[PDB]
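Examination of the molecular architecture
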Amino acid sequence: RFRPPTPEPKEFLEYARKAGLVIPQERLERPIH
Amino acid sequence: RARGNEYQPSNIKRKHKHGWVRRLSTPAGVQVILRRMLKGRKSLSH
Amino acid sequence: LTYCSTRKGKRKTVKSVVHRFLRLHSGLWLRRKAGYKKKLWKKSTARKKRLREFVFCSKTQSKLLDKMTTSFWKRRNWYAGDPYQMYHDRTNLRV
Amino acid sequence: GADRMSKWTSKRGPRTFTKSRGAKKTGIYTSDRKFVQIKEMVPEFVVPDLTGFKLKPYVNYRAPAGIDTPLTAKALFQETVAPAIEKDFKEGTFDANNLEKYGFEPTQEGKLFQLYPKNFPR
Amino acid sequence: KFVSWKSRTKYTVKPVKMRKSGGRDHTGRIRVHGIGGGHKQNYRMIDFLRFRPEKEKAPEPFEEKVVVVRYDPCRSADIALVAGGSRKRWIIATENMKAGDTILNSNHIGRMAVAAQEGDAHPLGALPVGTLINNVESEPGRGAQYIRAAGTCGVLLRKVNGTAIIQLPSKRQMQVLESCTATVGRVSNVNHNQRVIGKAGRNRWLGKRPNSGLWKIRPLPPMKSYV
RNA sequence: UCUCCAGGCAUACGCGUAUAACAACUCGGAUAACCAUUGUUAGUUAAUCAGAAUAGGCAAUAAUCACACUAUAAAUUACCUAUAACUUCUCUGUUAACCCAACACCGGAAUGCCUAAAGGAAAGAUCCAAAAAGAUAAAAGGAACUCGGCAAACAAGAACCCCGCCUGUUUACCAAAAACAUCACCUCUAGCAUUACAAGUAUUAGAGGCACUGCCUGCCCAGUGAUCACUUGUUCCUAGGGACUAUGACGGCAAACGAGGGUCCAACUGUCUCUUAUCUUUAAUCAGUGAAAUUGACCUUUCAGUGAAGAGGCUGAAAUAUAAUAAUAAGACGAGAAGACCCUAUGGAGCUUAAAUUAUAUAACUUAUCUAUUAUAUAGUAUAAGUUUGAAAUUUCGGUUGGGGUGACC
RNA sequence: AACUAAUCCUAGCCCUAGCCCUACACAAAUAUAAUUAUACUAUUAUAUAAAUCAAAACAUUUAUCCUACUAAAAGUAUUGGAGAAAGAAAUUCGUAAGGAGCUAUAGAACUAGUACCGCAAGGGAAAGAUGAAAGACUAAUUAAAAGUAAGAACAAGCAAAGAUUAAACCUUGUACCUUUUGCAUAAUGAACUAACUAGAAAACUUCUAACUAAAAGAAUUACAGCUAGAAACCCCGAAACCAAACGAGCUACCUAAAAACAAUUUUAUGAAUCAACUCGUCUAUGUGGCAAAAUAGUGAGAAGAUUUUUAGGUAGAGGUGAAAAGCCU
Ligand SMILES: [Mg+2]
Ligand SMILES: [Mg+2]
Ligand SMILES: [Mg+2]
Ligand SMILES: [Mg+2]
Ligand SMILES: [Mg+2]
Ligand SMILES: [Mg+2]
Ligand SMILES: [Mg+2]
Ligand SMILES: [Mg+2]
Ligand SMILES: [Mg+2]
Ligand SMILES: [Mg+2]
Ligand SMILES: [Mg+2]
Ligand SMILES: [Mg+2]
Ligand SMILES: [Mg+2]
Ligand SMILES: [Mg+2]
Ligand SMILES: [Mg+2]
Ligand SMILES: [Mg+2]
Ligand SMILES: [Mg+2]
Ligand SMILES: [Mg+2]
Ligand SMILES: [Mg+2]
Ligand SMILES: [Mg+2]
Ligand SMILES: [Mg+2]
Ligand SMILES: [Mg+2]
Ligand SMILES: [Mg+2]
Ligand SMILES: [Mg+2]
Ligand SMILES: [Mg+2]
Ligand SMILES: [Mg+2]
Ligand SMILES: [Mg+2]
Ligand SMILES: [Mg+2]
Ligand SMILES: [Mg+2]
Ligand SMILES: [Mg+2]
Ligand SMILES: [Mg+2]
Ligand SMILES: [Mg+2]
Ligand SMILES: [Mg+2]
Ligand SMILES: [Mg+2]
Ligand SMILES: [Mg+2]
Ligand SMILES: [Mg+2]
Ligand SMILES: [Mg+2]
Ligand SMILES: [Mg+2]
Ligand SMILES: [Mg+2]
Ligand SMILES: [Mg+2]
Ligand SMILES: [Mg+2]
Ligand SMILES: [Mg+2]
Ligand SMILES: [Mg+2]
Ligand SMILES: [Mg+2]
Ligand SMILES: [Mg+2]
Ligand SMILES: [Mg+2]
Ligand SMILES: [Mg+2]
Ligand SMILES: [Mg+2]
Ligand SMILES: [Mg+2]
Ligand SMILES: [Mg+2]
């Protein structure tokens with residue numbers, strides 16, 4: 001027997017940079033002060 | 001001879017041997033389904 | 001022996017003791033002699049007399065029989081005209 | 001080693017196995033394997049003339065929304081049937097037998113669009 | 001799932017396709033060992049009730065013409081196509097039957113003996129004692145069941161009152177009413193017993209699987225020290 | 001572009017996006033390059049390829065170039081009669097280096113066409129040690145090798161014994177055989193139909209044995225007169241009187257064939273005397289990746305002694321800078337496997353019976369019960385009670401005796 | 001002066017109490033090879049539970065299993081290879097939300113009947129951890145396990161002890177547990193770390209109290225007794241047996257429908273030579289291998305009792321068997 005290969009997923013940016021991603025801009029609900 | 005390849009796939013044979021219609025044909029087969037439904041199996045039959 | 005019964009949770013008497021021995025309230029047990037009704041024609045007259053008697057049991061035999069019977073068989077029974085009325089107690093016993 | 005969990009479709013199995021993807025039939029298969037499409041069995045899209053139509057996909061944000069009052073049989077009955085029966089009752093020209101006069105239908109049979117069992121699609 | 005192939009209600013002379021059993025029954029289990037495979041065969045519906053009058057015709061002696069005497073895969077004897085009126089029916093052929101022959105089928109119970117010509121069907125009462133017969137029926141109207149193999153002929157030993165005694169090929173004497181219809185003569189292929197199989201493959205052509213390789217008086221008490 | 005290798009392309013079955021592009025460089029490919037991996041986006045287009053009205057009547061004449069030709073195993077909806085309807089194209093399969101073997105497994109995998117026009121790469125770099133694996137050559141000799149000509153050979157010819165008739169079949173994964181089957185032969189059982197035997201009928205069917213052919217001889221075949229009478233034999237009635245009695249179960253042998261088991265000769269050879277050289281694999285060194293059994297702890301020496309056949313470790317002598325690399329296999333009673341051997345259990349199980357106990361398995365009878373009849377009587381029988389038969393079922397395998405016959409003994 | 005690691009608290013769960021239920025939720029699809037809009041082929045549980053086991057075997061028998069109110073009558077009457085054991089009734093009595101439970105190897109198997117394994121019935125996991133705020137950049141805390149690194153070793157030996165100015169030299173010392181026998185230089189088991197992992201009951205005896213010819217909150221015992229408290233008897237491991245399902249996609253045999261066999265010589269063939277194809281004789285390699293039976297050579301059959309393909313059948317008290325007690329994933 002064996003154990004399964006879970007991929008086991010400052011880190012999100014690398015994750016999406018390697019994979020590539022469509023990051024649509026978001027309208028900030030609260031205006032910045 | 002080399003063993004381990006006793007499985008020769010065939011969709012006709014599979015659905016005839018272990019399919020929904022086959023299981024419901026006899027009361028014992030219906031109880032096979034009843035056990036699996038009670039256990040919560042995602043697959044009741046092939 | 002049944003130590004804890006399924007229905008009542010108690011010990012059970014071994015009804016083979018109840019049908020063979022008499023217990024005196026003091027603690028003694030009486031029995032017969034094995035073979036006292038067997039082949040009497042070839043037994044000597046003295047031998048037959050020994051066989052007919054009621055006899056006591058040893059300390060270890062009495063200890064065993066006490067284990068095999070329940071308390072109900074150890075109570076004091078007030079029978080009118082009992083022929084063992086006088087044998088239920090010990091007298092002049094220093095030991 | 002067969003896959004028990006994925007859906008059974010016509011792509012799987014031998015050539016003899018075939019089954020539909022949910023498209024409604026439009027014809028009949030006669031003997032000697034001739035397909036005969038029936039014109040009535042093929043749906044017809046009834047599209048209206050939209051020339052001069054004032055309504056567009058979206059609405060003014062300045063338009064006040066209304067309080068929700070989902071339609072009920074009583075509200076439908078009062079709006080449509082009550083005015084006639086009430087006036088007729090005062091006139092005295094009313095009887096139980098003539099409920100068809102006000103729009104009642106004793107049976108749905110013979111109508112093109114039957115309300116039960118429904119015989120038309122959306 | 002075993003459905004018998006013998007499902008045809010109506011008589012025809014067209015050969016009918018047979019499904020083989022293998023020695024197994026409708027349960028699916030072997031009930032007789034040694035049957036399997038062999039050549040594919042067609043069944044020609046034989047008619048063993050010799051005196052069958054044609055439909056919508058009177059019940060009296062009639063005649064038929066022999067079209068051909070043919071080989072039959074399904075029996076030891078050989079079969080003859082016979083035509084009369086508007087009807088063709090397969091029948092078992094006697095030893096000397098040839099094409100173009102004419103054979104009588106008689107209902108009349110001859111009060112006296114009738115001269116016997118091989119191939120004609122006569123009630124046992126009509127025939128004289130001693131005549132070789134074949135295709136005998138147990139009871140009038142039943143149909144022929146005995147003496148139907150190749151070259152097998154029985155004798156008509158005796159006739160008294162309304163019944164007669166028949167010596168079956170096994171030498172077992174049987175008794176039947178003199179009204180029963182028996183064909184005259186031997187049954188043909190008399191040399192069938194002389195045939196030689198020769199090679200093991202030939203039996204596997206006839207659907208005969210090989211034999212398996214697996215290789216009682218209780219004494220009475222007074223006679224057990226001598227066993 | 002060069003060098004070299006030689007099952008490829010389709011379909012079926014199966015698989016289920018591995019297809020293609022881009023971007024990534026963590027995981028996956030047993031390493032890199034690159035991607036078969038990750039994410040995102042795309043894709044396979046069919047009226048021809050492929051898939052998915054009713055009721056009657058009736059059929060003798062194979063295939064093989066189907067002519068000739070014989071044969072034996074005997075062998076593929078049509079055409080008619082009436083009724084009914086009186087212009088139709090939707091739906092689904094379509095990708096790939098693919099599937100079954102835990103894997104990108106030297107295995108398994110049907111058919112058509114074709115045999116290189118299609119499809120591919122045995123070497124990561126280096127080095128040429130031992131041992132190991134494979135290929136080629138061999139002075140002189142030619143089986144002297146060896147359990148045996150095993151393996152190999154510039155050989156592949158000839159014969160003879162034993163067994164089995166022969167082609168066949170088997171212990172998937174240690175036995176391919178002399179075992180099994182086999183035509184031929186033989187014995188036993190069955191006189192019959194609508195689900196096997198069989199849509200058959202004793203020249204048939206089933207069960208089983210066995211080499212065939214020819215050649216041999218045992219049994220058995222009332223006795224004497226002679227188709228005839230007595231004596232026998234068998235029955236009765238009482239030792240008498242009647243009654244009645246007109247051919248084999250065994251051996252001995254036949255060529256052909258055999259991956260059977262023995263044997264010989266010829267030829268041939270590195271089997272051997274007696275080994276050698278070359279090339280490839282492996283090895284070794286460099287780079288990348290990276291297991292397995294095993295392991296009380298070890299700072300892990302030699303000799304004599306002691307010890308249970310036994311000592312790196314105990315007694316007494318002796319030896320002794322420390323760590324690697326590559327080799328050998330004496331030892332660590334070296335490591336592994338479900339290996340062997342005897343004995344034990346009031347542990348199992350398979351098999352056989354002549355073990356014990358049962359046995360509405362089948363079969364039979366008998367008495368009732370219930371019907372028919374009949375002069376009491378013979379028939380049958382949705383059941384009960386017996387008896388007989390025994391397909392089966394359940395349970396067991398006392399003790400002491402270098403170990404096994406019998407005996408015995410308790 | 002640190003790597004591998006470690007710390008953690010709530011996700012849920014457990015046993016009771018209480019309570020009949022009326023959760024059975026859009027459209028569409030589905031019993032056809034389920035989830036495929038319409039005809040074809042129509043549809044339907046089960047005769048008595050058995051065995052293990054106890055009787056130290058086993059053969060009648062063996063609590064619960066196979067339920068009918070509590071406490072008492074009572075382990076009494078009875079029943080039983082009168083053995084092991086089994087066991088009543090008449091009769092009397094009876095008006096009611098919580099935790100000296102678990103807290104991620106625990107508690108449910110559960111983050112899930114999923115992944116994954118299996119043809120099928122069926123079997124069946126593992127794991128998470130910042131803060132008030134991540135629209136504060138996802139934290140900290142710890143000589144702390146085995147394992148390593150920092151920092152290879154330096155005559156001599158169960159690795160230590162006595163010591164010593166001195167780490168080693170000198171001296172003393174036959175690893176451990178079980179087991180043999182109360183002995184081993186036998187022999188079994190142990191690579192190491194963390195967690196988990198095995199004595200349970202009140203008949204009699206003893207001890208401490210209450211009341212005492214009586215004791216006990218009904219039913220019991222009593223010629224100093226009676227009542228209450230305290231005090232007790234393990235864990236893991238077969239080959240087996242029985243009931244009900246599931247299996248013939250491998251293999252054995254069969255049914256139906258289909259396929260393949262060149263060239264050469266004989267003849268007119270279970271004939272010959274020899275491919276494809278089927279098989280597996282002999283030797284070597286391999287032996288956790290490419291392979292849970294292969295590779296490379298060498299071989300046997302190769303128009304037939306041949307081989308192959310597809311779908312169907314026979315099922316364990318059984319099936320199949322050219323009998324090898326072979327085959328039935
Ligand atoms: Mg498998
Ligand atoms: Mg297959
Ligand atoms: Mg035999
Ligand atoms: Mg690609
Ligand atoms: Mg790329
Ligand atoms: Mg990709
Ligand atoms: Mg087509
Ligand atoms: Mg394609
Ligand atoms: Mg590999
Ligand atoms: Mg090319
Ligand atoms: Mg290469
Ligand atoms: Mg190289
Ligand atoms: Mg050479
Ligand atoms: Mg030489
Ligand atoms: Mg020698
Ligand atoms: Mg020799
Ligand atoms: Mg050789
Ligand atoms: Mg042979
Ligand atoms: Mg052979
Ligand atoms: Mg073998
Ligand atoms: Mg085989
Ligand atoms: Mg062989
Ligand atoms: Mg072999
Ligand atoms: Mg034999
Ligand atoms: Mg051989
Ligand atoms: Mg020579
Ligand atoms: Mg390296
Ligand atoms: Mg040293
Ligand atoms: Mg020594
Ligand atoms: Mg020493
Ligand atoms: Mg090295
Ligand atoms: Mg060594
Ligand atoms: Mg003993
Ligand atoms: Mg036993
Ligand atoms: Mg027992
Ligand atoms: Mg029993
Ligand atoms: Mg848990
Ligand atoms: Mg768990
Ligand atoms: Mg540490
Ligand atoms: Mg020292
Ligand atoms: Mg030992
Ligand atoms: Mg037992
Ligand atoms: Mg099959
Ligand atoms: Mg050919
Ligand atoms: Mg041949
Ligand atoms: Mg050959
Ligand atoms: Mg040959
Ligand atoms: Mg076979
Ligand atoms: Mg045998
Ligand atoms: Mg198996």
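To keep things clear, this report deals only with the structure shown in the data block. (Residues numbered from 1 in each chain as written, not as in the entry; some residues may be left out. Chains lettered and ligands numbered in written order. Part of a larger assembly, values for the part shown. Heavy atoms only, no water.)

As a further point, take the overall build of chain C. Looking only at helices and strands, one finds three helices and three strands in chain C. N-terminal to C-terminal, the α/β element order of chain C is α-β-β-α-β-α. Principal axes of the C-alpha set define a box for chain C whose edges measure 50 × 35 × 30 Å. Here chain C, with 95 residues, has 17% of them falling under the buried criterion. A separation threshold of at least 6 residues defines the contact pool for chain C, and within that pool the share at least 24 residues apart is 57%. For chain C, the computed accessible surface area is about 8400 Å², with 53% contributed by carbon and sulfur atoms. Positive and negative side-chain charges of chain C, numbering 29 and 4 respectively, have mean locations separated by a distance of 11 Å. (Helix = DSSP H or I, 4+ residues; strand = E, 2+ residues; numbered from the N terminus. Buried < 20%, exposed > 50% of the residue type's maximum accessible area, 1.4 Å probe, protein only. Contact = heavy atoms within 4.5 Å. Areas by Shrake-Rupley, 256 points an atom, 1.4 Å probe, with all protein chains shown as cover. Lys, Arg positive; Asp, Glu negative; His and termini not counted. Charge placed at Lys NZ, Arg CZ, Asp CG, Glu CD.)

The strand order across the open sheet built from three strands is β1-β2-β3 (chain C), with neighbouring strands paired in antiparallel fashion. Two strands lie at the open edges of the sheet, namely β1 (22-23) and β3 (55-56) of chain C, each paired on one side alone. (Pairing = 2+ DSSP bridges.)

Before going further, it helps to spend a moment on the nonpolar core. Residues and elements named next belong to chain E. Membership of the largest hydrophobic core comes to 20 residues, with the highest contact counts inside it found for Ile-92, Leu-124, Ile-133, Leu-156 and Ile-166. Those elements giving two or more residues to this core turn out to be β4 (79-84), β5 (87-92), β8 (132-136), β10 (163-167) and β12 (181-184). Discounting residues that sit within four places of it in the chain, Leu-156 has contacts with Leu-124, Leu-127, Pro-128, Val-129, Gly-130, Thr-131, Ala-164, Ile-165 and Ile-166. (Core = buried A, V, L, I, M, F, W, Y, C linked by side-chain atoms within 4.5 Å.)

Evaluation of the coordinates by the stated rule reveals eight aromatic pairs over all chains. Pairing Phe-21 of chain C with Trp-29 of chain C gives two aromatic rings, centres 6.4 Å apart and planes at 85°, and the pair type is edge-to-face. Accessibility expressed as a relative area gives 24% for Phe-21 of chain C, which makes it partly exposed. Positioned above the aromatic ring of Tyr-36 of chain C, the side-chain terminus of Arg-32 of chain C is 4.1 Å from the ring centre. The ring centre of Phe-48 of chain E lies 3.9 Å from the NZ or CZ of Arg-148 of chain E, which sits over that ring. (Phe/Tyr/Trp six-rings, centres within 6.5 Å; stacked < 30°, edge-to-face > 60°. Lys NZ or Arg CZ within 6 Å of the ring centre and 35° of its normal.)

Note: interface size is frequently given as the accessible area lost on complex formation between the parts. Listed by partner, the interface residues are nine residues for chain D and 11 residues for chain B. Approximately 840 Å² of surface area, both sides summed, lies buried where chain D meets chain B, with 60% of it carried by carbon and sulfur atoms. A per-residue breakdown of the area chain D buries against chain B is headed by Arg-4, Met-5 and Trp-8 of chain D, which together make up 61% of the total. Summed over the shared surface of chain D and chain B, the number is zero salt bridges. (Buried area = accessible area lost by both parts, 1.4 Å probe. Salt bridge = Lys/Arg side-chain N within 4 Å of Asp/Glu carboxyl O.)

This part covers the protein's contact with RNA strand F. The environment of RNA strand F is formed by 96 residues, the closest being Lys-18 of chain A together with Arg-44, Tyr-71, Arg-148 and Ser-170 of chain E. For RNA strand F, the fraction of protein-proximal atoms (within 4 Å) that sit in sugar or phosphate groups is 60%. One of the backbone nitrogen or oxygen atoms of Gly-151 of chain E is found 3.0 Å away from a base oxygen of RNA strand F. At the level of secondary structure, the elements contributing two or more residues to the surface near RNA strand F comprise α1 (12-19) of chain A, β1 (27-30) and β2 (34-37) of chain D together with β2 (42-43), β3 (62-70), β5 and α1 (200-205) of chain E. By residue number, the principal contributor to the surface near RNA strand F is α1 of chain E, which donates four residues. By residue class, the composition of the surface near RNA strand F is 35 nonpolar, 34 polar and 27 charged. (Near = heavy atom within 4 Å. Polar contact = N/O pair within 3.5 Å; in protein donor to acceptor, adjacent residues only side chain to side chain. Nonpolar A, V, L, I, M, F, W, Y, C, P; charged D, E, K, R; others polar.)

Moving on: the side chain of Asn-105 of chain E. Residue and element names in this part refer to chain E. Structurally, the position occupied by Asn-105 is in strand β6 (residues 102-105). A polar contact of 2.5 Å, which involves the side chain of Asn-105, links it to the side chain of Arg-50. Within polar-contact distance, the side chain of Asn-105 engages the side chain of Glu-64 at 3.5 Å. The contact partners of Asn-105, leaving out residues within four places of it in the chain, are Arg-50, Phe-51, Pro-61, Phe-62, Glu-64, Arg-89 and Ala-121.

With that out of the way, let us pick up the protein's contact with RNA strand G. Neighbouring RNA strand G are 99 residues, the closest being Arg-23 of chain B, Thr-13 and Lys-15 of chain C together with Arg-29 and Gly-37 of chain E. Here, RNA strand G places atoms within 4 Å of the protein, and 66% of those atoms are sugar or phosphate. One of the side-chain N or O atoms of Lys-39 of chain B is found 2.6 Å from a phosphate oxygen in RNA strand G. Those elements giving two or more residues to the surface near RNA strand G turn out to be α1 (11-18), α2 (20-23) and α3 (27-39) of chain B, α1 (15-18) of chain C together with α1 of chain E. When residues of the surface near RNA strand G are assigned to their parent elements, the largest contribution, eight residues, is made by α1 of chain B.

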